[PDB]
Amino acid sequence: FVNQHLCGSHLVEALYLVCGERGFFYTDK
Amino acid sequence: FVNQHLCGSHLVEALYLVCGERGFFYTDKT
Amino acid sequence: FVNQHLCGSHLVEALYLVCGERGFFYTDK
Amino acid sequence: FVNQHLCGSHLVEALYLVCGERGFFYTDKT
Amino acid sequence: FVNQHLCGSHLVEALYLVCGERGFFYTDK
Amino acid sequence: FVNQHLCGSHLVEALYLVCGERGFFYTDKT
Amino acid sequence: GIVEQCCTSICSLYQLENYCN
Amino acid sequence: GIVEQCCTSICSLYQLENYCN
Amino acid sequence: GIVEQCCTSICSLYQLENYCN
Amino acid sequence: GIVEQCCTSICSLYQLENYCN
Amino acid sequence: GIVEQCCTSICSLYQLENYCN
Amino acid sequence: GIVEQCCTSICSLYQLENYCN
Ligand SMILES: Cc1cccc(O)c1
Ligand SMILES: Cc1cccc(O)c1
Ligand SMILES: Cc1cccc(O)c1
Ligand SMILES: Cc1cccc(O)c1
Ligand SMILES: Cc1cccc(O)c1
Ligand SMILES: Cc1cccc(O)c1
Ligand SMILES: [Cl-]
Ligand SMILES: [Cl-]
Ligand SMILES: [Zn+2]
Ligand SMILES: [Zn+2]
């Protein structure tokens, strides 16, 4: 639950920097 | 919800918060 | 301790976006 | 402490860090 | 692992505000 | 990696993400 | 509270918005 | 685009949500 | 306000703390 | 996935970059 | 260190400021 | 400095990495 929603928060910001213009898809359901 | 410019990481995060379980796609400048 | 202080960090930023101008109160003691 | 403009989420967070157990109130633009 | 890498994320941002111009060193290995 | 201005906390964090186990040093304005 | 409610189980925006004003 | 809609301009929830999957 | 004090201008700790509960 | 992979064990930038585009 | 000290137990600003310069 | 290099201007990974330990 939270520990992987608080973690997703960090992931997506980690991927904005890295991916940059290329962009990314953030799903998993 | 804020009536503000949301750029950069503040966007991705707002997307993240706004979409949730669904998820999302960020392309940046198109 | 930390796991609910690191979590509060995310909460308040989640509430700035949502609440916007209306604002919010962030206490609980 | 930084001598900078703190806006938006950078504020709420600085409030959060600066207040602690006490807590706080954010109104935004008054 | 993650729980102290997600926590470091918060720490360094906590130290940017506090330390300000003085700056800080963030290592520990 | 983004081709953007990275300032303030967005820097420290990018440093943090970019350096990792190594770590880093931030001085701010030099 | 919001901490007990939101940290423990994942809160949405609509569940966060209760804690507004 | 999101960027041009919500960055260079102000973007609502509904507008911010056009970009969920 | 905080916004106008600490956003449109620069705000100290003591100033930033006027807004704790 | 990225969550299983990155939250559980620490992912670097090069490991994050797999999840790009 | 700061990680052992601050992640484990909640550090204040004054406890964070030891790790400055 | 980082600030002047990567803030007032745009900074690459390699450039951003000149500041790791
Ligand atoms: C792993 C996961 C679960 C739910 C939504 C997501 O975007 C990602
Ligand atoms: C839940 C909680 C504890 C302490 C301070 C706060 O602002 C909120
Ligand atoms: C505690 C720790 C481990 C690895 C790298 C760091 O910068 C800090
Ligand atoms: C947006 C958000 C962050 C952290 C915890 C939550 O329950 C919700
Ligand atoms: C950058 C980052 C944040 C959170 C978890 C990770 O595995 C990596
Ligand atoms: C401000 C802050 C964030 C995370 C952990 C701490 O101990 C303190
Ligand atoms: Cl900003
Ligand atoms: Cl966290
Ligand atoms: Zn976190
Ligand atoms: Zn910002």
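Once the Cβ-Cβ distance between D:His5 and I:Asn21 is put in as r, and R0 is 30 Å, what FRET efficiency do you end up with, to the nearest 0.05?
That pair, D:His5 with I:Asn21, gives E of 0.80.
Return A:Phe24, E:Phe25 ranked ascending by Cβ neighbour count within 10 Å, so the fewest neighbours appear first.
Lowest count first: E:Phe25, A:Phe24.
Measuring from centroid to centroid over Cα atoms, what is the spacing of chain H and the range B:4-30 in Å?
Distance between centres, Cα-based: 8 Å.
Dimensions of the protein assembly as shown along principal axes (Cα, Å, largest first)?
Here the Cα extents, ordered largest to smallest, are 45, 43, 35 Å.
At G:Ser9 and H:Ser12, where each label point lies 7 Å from the Cα along Cα→Cβ, what is the point-to-point distance in nanometres?
3.0
The numbers here are math on the coordinates, done by the rules we state, and not lab data. No Cβ is skipped: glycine too gets one built from the backbone with ideal geometry, and neighbour counts run over all protein chains shown.
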